[PDB]
Structure formats: structure tokens, C-alpha cells
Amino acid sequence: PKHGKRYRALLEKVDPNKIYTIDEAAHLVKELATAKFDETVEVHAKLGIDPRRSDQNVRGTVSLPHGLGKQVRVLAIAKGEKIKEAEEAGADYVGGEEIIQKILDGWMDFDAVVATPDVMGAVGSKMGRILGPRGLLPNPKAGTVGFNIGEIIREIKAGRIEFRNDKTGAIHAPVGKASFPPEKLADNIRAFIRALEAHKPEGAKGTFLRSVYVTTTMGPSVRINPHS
């Protein structure tokens, strides 16, 4: 059998022919999350873009109102007073160009890296081959480079997410935990969607949000009307 009984029971709960409203979906997610941990709620969308064109890629960040209920270890590389600013914002580890070494040597305990523009020359050359493969290399497009380092760190710690379409034109993002109250999930889902529409490429043709779905880490999906 392709699925286990846990999952098969979940199938009973969803109507593949129904296009749910965000709120309907938000209430149903608690029931589609039966794995043995607090699953993450996800949103997926097929976009009306040509992923082959640089000017039609959809990429950006969005601060979810109620976060992801998750822990995120932030590493910040800064210069001068921004070192203080980064520590006072809560960065788990704050350093100067001298920390690139620790990582170069072994240190790999962090989930995100941010940097000020004035250390990017070093970060780029000395770390692109480590962080880059992992998609952790600081970059303006990922909102992880800036002189407003404290602000970036605060946003990330508070649950800001990144989104970038894949090469097939589909895009995906975590938007909360299945333990979230429905109302809060609805708020997060809507924020992600507005963020998405805010990134529709100027040249994209046809319907932007061709299809949108909500699901959980281990359960089935529910199609939704993004504008509900």
C-alpha cells in the first residue's frame, strides 16, 4: 500500500472536489495533522509565470503575523557598531569577518545567516561554497543583507519567511504549526498570499495564482480560494 492507515483515515476528511475558503481550511488543518509531532502548516501555489525568465521569478520574504512557532538560530556577521546592534536584537551568534573561520573550520550550529553590506566581500568569497549550496548565503533578495541588521534579525526571529518559485513555476512556504488556533493560521495564510500577489511579475501572463493549496507536514491537501 502506498500510504499507511493513519493517512488513509485523513483522506476521508477531505473533499477533492471542494475548493475551501481560507477559514474553512484553517479549521480543518488540525484534523489533517495526526503525525506524532506538531506538524507545520504549508501553502503551495502554482504560478502563472515563465520560470525560465529572470524577470518573472517570484522571490521575496514576508513577516507572518504570528510566526512559525519554531526556533531559528541566527548567525550575524557585522562590522563596527552593527555588531552591538545585532547582539541587542537577539542574534544567537554575532561576529565580524573573523568568524568566517569558525565556520570554515567546522562550526555549523545555525539556521540563518545575515550580514551587513560591508562584510559581504569576505562572506561572499570565503563562504559561498559552504553556505551557498545550502541556500544560506546572505543575499539582498532573501532579505538577509542590510545595514538595518537589527531589524532583519528581529523579523527573522519573529517568523519572517522566504519564498522563491521553483523551476517548475510552483512556490511553497511554511505558514505555522497545526497547534495554532484556526484564526491565527488564517491570518498567516492570508499574509503569505498577499505577499505573493505583491510579487506578481509585471510581465507574467494570465492568472497569477493558478492554484492554491493548504496542507500539513504529513497529511493530505485542501484546495483553497486564495481570495477568501
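Each residue number is its position in the shown sequence, starting from 1.
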{"item": "Residue range whose averaged C-alpha B-factor is higher in the record, 160 to 168 or 26 to 34", "value": "26 to 34"}
{"item": "100 to 108 set against 79 to 87, stretch whose average Cα temperature factor tops the other in the entry", "value": "100 to 108"}
{"item": "Identity of residue with top Cα B-factor, from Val113, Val72, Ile153, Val119", "value": "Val72"}
{"item": "Among modelled residues of the same chain, the CA temperature factor third for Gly135", "value": "highest"}
{"item": "B-factor third for the C-alpha atom of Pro181 within its chain", "value": "middle"}
{"item": "Where the record places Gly219 (Cα B-factor, split into thirds across the chain)", "value": "middle"}
{"item": "Lowest, middle or highest third - CA B-factor, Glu39", "value": "middle"}
{"item": "Position of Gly203 among the chain's modelled residues by C-alpha B-factor, lowest, middle or highest third", "value": "highest"}
